[PDB]
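Okay, so here's the structure we're looking at.
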Amino acid sequence: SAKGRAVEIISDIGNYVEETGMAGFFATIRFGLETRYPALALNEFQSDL
RNA sequence: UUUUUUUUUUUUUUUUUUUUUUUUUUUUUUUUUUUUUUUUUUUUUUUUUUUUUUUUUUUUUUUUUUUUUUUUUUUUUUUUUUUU
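Going by the authors' numbering, the first residue of the first sequence is number 243, and it counts up by one from there.
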């Protein structure tokens, strides 16, 4: 549907609001899991994976 | 969050050549001449029964062992702090 000025501002703010308070998990995903490093498969990370 | 750039400027008709000139009948050879019946051998002559052996004599029950003896709850950690 069409978005008014208030709704557009609210959605733009919610862009920042999303995934708040969970920086540890998403940082773990993005950095440790993605960006595949030869040090990942090291037999002390399999349970964490 | 965002901070640049993002019209155009040339060329682009044509000019040659492009009929033909030779040759292109024929001339040999092309019947036949030998040989072509037959003459040996071609029955048979040994051997060809048989002569051993062929029952049996051992052994053949059994003698062990065969319950059990431990251990077997628990004692950590486990929200969040950036940017966008």
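Virtual Cβ for every residue (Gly too), placed ideally from N, Cα, C.
Residue i versus residue j - alpha carbon distance
i, j, result
"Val259", "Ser253", "9 Å"
"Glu250", "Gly263", "23 Å"
"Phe268", "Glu276", "11 Å"
"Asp290", "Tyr279", "15 Å"
"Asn257", "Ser243", "18 Å"
"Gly246", "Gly266", "35 Å"
"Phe287", "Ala248", "46 Å"
Distance CB(residue i)-CB(residue j) smaller than 9 Å
i, j, result
"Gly274", "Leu282", "yes"
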